[PDB]
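Take a look at this single chain in structure tokens; it is the form deposited in one PDB entry.
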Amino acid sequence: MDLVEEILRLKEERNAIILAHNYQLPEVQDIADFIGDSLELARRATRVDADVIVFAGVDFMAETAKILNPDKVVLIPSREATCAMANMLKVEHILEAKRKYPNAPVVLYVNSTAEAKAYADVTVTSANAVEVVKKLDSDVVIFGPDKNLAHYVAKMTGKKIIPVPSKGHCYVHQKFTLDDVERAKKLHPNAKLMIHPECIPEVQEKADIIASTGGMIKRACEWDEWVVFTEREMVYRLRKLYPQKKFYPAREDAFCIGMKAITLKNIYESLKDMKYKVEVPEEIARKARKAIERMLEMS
């Protein structure tokens, strides 16, 4: 079976769009209608004319698309496409922090459950966390789940950051070390380093640019050679966008298992079977939607 041909036909039959994250397998990126980071996928979720969304990404991302498109069918091809860091944050963490700091806005990374977003004042992604936190009317904000992004936000805004939970992090980005920075500079001495803010702070400090994957794409025009400190499928994405540049993985083994639960075959099966339908309870969705819409307004 020609999976690509079958998917193209089913997209037409289902009036479906495929939205893909930047960490998707190359063959999935190649059949997606739109590819982007967390923030771009959320905005693109607000101008969907199609009836069905196939979300080639992890669960919290498909949930966000469903919150913004409650009357469209949102399909996740595997329920094992999940984010380890997003599931570190529970409602009880948020409520405990709200108790200690009732006047602190609750700022939740989009890497969170819809249930957790129901208790947020505003959501953020890596691309807009600093701008959003800067503009909130408070010198202290509750922020999670990623402590490494928390550190970056604190450094850039000067505000006091109350992490929820205590040790939230992404195992993929925590793989990068100072030895990887030293190896990169030795193998590719003419390259600059683009580093995701989910990397540990001492690695962040070695960056030529700190950026979300979306900002990596935006700023890649500033140099012709880059070592890429994020999930390794980002190198494919950058190479396709800028064939005239050179991109090298900082670590080939920087692999997100949840992202790679999505396959060409189960995208085909997703459209064929109309599964797995993503649903968000109306009251959770209403409250999460308020925080997300406020994020999109605050840029």
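Heads up: residue numbers just count along the shown sequence, starting at 1. We call the rigid core whatever largest set of C-alpha positions still superposes within 1.5 Å between the two forms.
Not on display, but discussed next: the form deposited in another entry.
Note: rigid core superposed between this form and the one not shown; among 139, 202, 179, 222, the CA shift is 2 Å or more only at 139. In this overlay on the rigid core, residue 88 has a C-alpha that sits less than 2 Å away from its partner position between this form and the one not shown. A displacement of less than 2 angstroms separates the C-alpha positions of residue 167 between this form and the one not shown, with the rigid core held in common. With the core held fixed, residue 189 shows a CA shift below 2 Å between this form and the one not shown.
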